[PDB]
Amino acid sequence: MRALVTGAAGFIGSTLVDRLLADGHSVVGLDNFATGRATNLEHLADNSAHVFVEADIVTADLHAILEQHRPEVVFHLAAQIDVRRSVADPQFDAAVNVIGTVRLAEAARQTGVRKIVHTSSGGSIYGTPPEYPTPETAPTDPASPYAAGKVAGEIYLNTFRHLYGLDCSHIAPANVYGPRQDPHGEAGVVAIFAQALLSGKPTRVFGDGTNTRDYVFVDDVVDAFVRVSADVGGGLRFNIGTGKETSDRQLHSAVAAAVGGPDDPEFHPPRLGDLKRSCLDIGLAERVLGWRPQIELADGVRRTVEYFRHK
């Protein structure tokens, strides 16, 4: 197939590009390097099955781009990713995550694209649901602008599906970690911890450290994207996680172990916009896509620390 990946210079995006190429697809990457990194794609310089387009999804002529490249599937991973940043500038977050998605859908519906695979946020969209692990049937209740824009994006794509029959599915990951996650990013606790502990710099947890997340390895997430790209799960969201909770404090201990040395984080005040608890029910992805996560946290953390050592 011809595939186009927005956010392709990023952590999950670049990993997805690699998988698609390995599966024998031709892949257009698109990114504006807001948070992405050239080194994430540098290995592809001589691969003729890959073409990279620098473009801002907010302002670029996406119609022209899609008309030129004719992707069958668009994997949409370009986004403002930081919850705290979304609180500080909700307009900017909404422009990238909502307007950007709308512009892409409008371009795609006119250029013969079969399907857009959206990236939602399984971690943030549910808020404080009565059910953990949380199924997709649980009402959304975003408590950050980031979460709100992600929901908004799903809704718009569902709208384009009704209007034009432009197919869509929403990949809703939990907390994704692994090789290529930015060590110096504002988000990405595993990368942050690995970076800090390997350089013997201070680390911190927020609140009393009891916040929980559902940590899912990047390769597992990438596999879900691939599975959902087919003519399946139309207009549906799929939670992509492990369905297991790890506290901030427990994760610190797990990274500290893999790195070796001290397990002694500082305790800082809670961050406005951050949920206290997150855990995804992944039953639908299994029943519908045949998808199951392969990597357990211990194994994944090893692989991640391994990566950060080599760099």
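Just count from 1 along the sequence shown to find any residue number. Heads up, when I say rigid core I mean the largest set of C-alphas that superpose within 1.5 Å between the two forms.
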*asked:* Comparing against the shown form in 5 other deposited structures of this protein, which stretch has the larger RMS C-alpha deviation after a rigid core superposition, 113-121 or 186-194?
replied: 186-194
*Superpose by the rigid core: which stretch, 230-238 or 177-185, shows more Cα shift in 5 other deposited structures of this protein?*
177-185
*Look over 90-98 and 126-134 in the entry and identify the one with the greater average Cα temperature factor.*
126-134
_Average Cα temperature factor in the PDB entry - higher stretch of 291-299, 18-26_ = 291-299
*Taking the Cα B-factors listed in the entry, which of 35, 39, 59, 250 comes out highest?*
250
*Among 120, 111, 144, 211, single out the one with the highest C-alpha B factor in the record, please.*
211
*Ordered by C-alpha B-factor within the chain, which third holds residue 231? Give me lowest, middle or highest, please.*
highest
*asked:* What third of the chain does residue 78 rank in for C-alpha temperature factor, lowest, middle or highest?
replied: lowest
*Rank-wise, by C-alpha B-factor, drop residue 199 into the lowest, middle or highest third of its chain.*
highest
*Within this chain, which third does the Cα B-factor at residue 1 fall in: lowest, middle or highest?*
highest
*Within this chain's modelled residues, let me know which third the CA B factor of residue 55 belongs to: lowest, middle or highest.*
lowest
